[PDB]
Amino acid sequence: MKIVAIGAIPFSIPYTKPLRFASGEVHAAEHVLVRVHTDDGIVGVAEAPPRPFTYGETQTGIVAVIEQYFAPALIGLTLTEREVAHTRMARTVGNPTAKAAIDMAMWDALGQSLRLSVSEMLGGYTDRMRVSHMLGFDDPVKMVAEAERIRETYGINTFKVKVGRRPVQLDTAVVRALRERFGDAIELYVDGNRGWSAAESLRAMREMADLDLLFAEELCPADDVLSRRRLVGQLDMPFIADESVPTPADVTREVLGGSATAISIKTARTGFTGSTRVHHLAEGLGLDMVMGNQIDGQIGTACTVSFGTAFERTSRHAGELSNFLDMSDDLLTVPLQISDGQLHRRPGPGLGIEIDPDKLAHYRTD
């Protein structure tokens, strides 16, 4: 189980409909397929989604850091030297998805080598997660229509509404329309992607005080430090930190500083080894955690569910596992299936997925 090579292949798949939010937009999945090859002939895979408006990574940059720094530093290690790989990669600052992809591909290879799913190796608490869908910006009537379509089609009963627009009433009207249309039959929460000021955020949440929102996520910039802390202290529900807590150290600083009262865990940025560190830190501190979506393709979603199903604290909440549906196509030989508002972790070893050679050949851009 020795790593003989690590590759980074850029690919691009158009979105049927772009996902828009306060911090940016995604019109295509311009990701990087990361592959870890072992001396046993096994190939572990994962993807790295470049999100310049979240981490500052670019597709070109991810391929570069992997080919120029990480691959050379990890070749020669075995799949059971994860902490050596973790420590070596840590010598390089940032580059979250590049690091996470390598870690997850290593876990995929390990699982295949041992005939065990990543989920069970991590803890195997359960076999499925409830699904939460992120509703991107769009005309009010269109967002409600999208929610209705998704709920009826896939049985999804949890929605995270993208907000952070002006005037604030535009978003509060959308959330109210959703609650009036579905009643208490659905769970609702919001994500502002740093779009509102702390003051606007409070006014918005106060207006929606009767809508039973479960969480408030990154309503204002965490970097508006003092006003952010004041806002978090004013809200009843937990305030989920996401882009502001990419590492365990950030979790500690933001939580102890009062700028976060809940934590988003995204395998796209902390993989499995790093995500376990976040889960354990959050559980130890006593904070709620939710599996988030990095506007993942099916490869990344398979990773999210692999980790989320491994622990009780992550599976007690719905996981954001459905935005891949807006992609026009994907790279798996067998597409992920969401039914009854749930997504099961794959039954196969590792991530339980396989890359379709024809799809990769068609969408790769190298």
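Counting begins at 1, following the sequence as shown.
Stretch comparison (136-144 versus 91-99) by mean CA B-factor in the PDB entry places 136-144 on top.
Per the PDB record, of the two stretches 219-227 and 173-181, 173-181 carries the greater mean B-factor over its C-alpha atoms. When the C-alpha B-factors of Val63, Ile42, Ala310, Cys303 are read from the PDB record, the largest value belongs to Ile42.
For the set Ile299, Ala28, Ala318, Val34, the maximum C-alpha B-factor listed in the entry falls on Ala28. Ranked by Cα temperature factor within the chain, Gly56 sits in the middle third according to the deposited record. When the CA B factors of the chain's modelled residues are split into thirds, the value for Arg115 lands in the highest one.
In the deposited entry, the Cα temperature factor of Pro49 places it in the lowest third of its chain's modelled residues. Per the deposited record, the Cα B-factor of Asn323 falls in the middle third when ranked against the other modelled residues of its chain. Per the deposited record, the Cα B-factor of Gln68 falls in the middle third when ranked against the other modelled residues of its chain.
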